Amino acid sequence: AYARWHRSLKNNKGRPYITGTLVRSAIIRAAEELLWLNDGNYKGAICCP
RNA sequence: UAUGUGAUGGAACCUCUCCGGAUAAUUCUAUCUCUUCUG
Numbered sequence: 050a051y052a053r054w055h056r057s058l059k060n061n062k063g064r065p066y067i068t069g070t071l072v073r074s075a076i077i078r079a080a081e082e083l084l085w086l087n088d089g090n091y092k093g094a095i096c097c098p
């Protein structure tokens, strides 16, 4: 659940980054909580579980 | 630099144990210095 470290061949150096899966999971969790608290209707955005 | 119908990692105290201690009167007398030229 943390950021990874890059390592290229040319210099054996890199920079940290965040994969999209972490953001996807966080958005899924937040949307689930929002839909639960809105009883499946948040400003006209009706949804199924 | 992921690959997608599924990530409680905020899901974990560098914590625990150990006398900066021990010994000492702010006291007091013998020289110092080497080359002199027949004596």
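Going by the authors' numbering, the first residue of the first sequence is number 50, and it counts up by one from there.
We put the beta carbon where it would ideally sit given N, CA and C, even for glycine.
**Of the residues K92, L58, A52 and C97, the one placed nearest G69, counting alpha carbons only** = Residue numbering aside, residue 69 sits at position 20 when the first sequence is read from its first letter. Among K92, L58, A52 and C97, the Cα nearest to that of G69 is on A52.
**Message:** Going residue by residue through the segment 57 to 81, where are the continuous alpha helix (DSSP H) segments of at least 4 residues, counting only ones entirely within it?
**Reply:** none
**Request:** Give me whichever residues DSSP pairs with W54 in a beta bridge.
**Result:** Taking the first sequence and counting its residues from 1, the one referred to as residue 54 is at position 5. Paired residues: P65.
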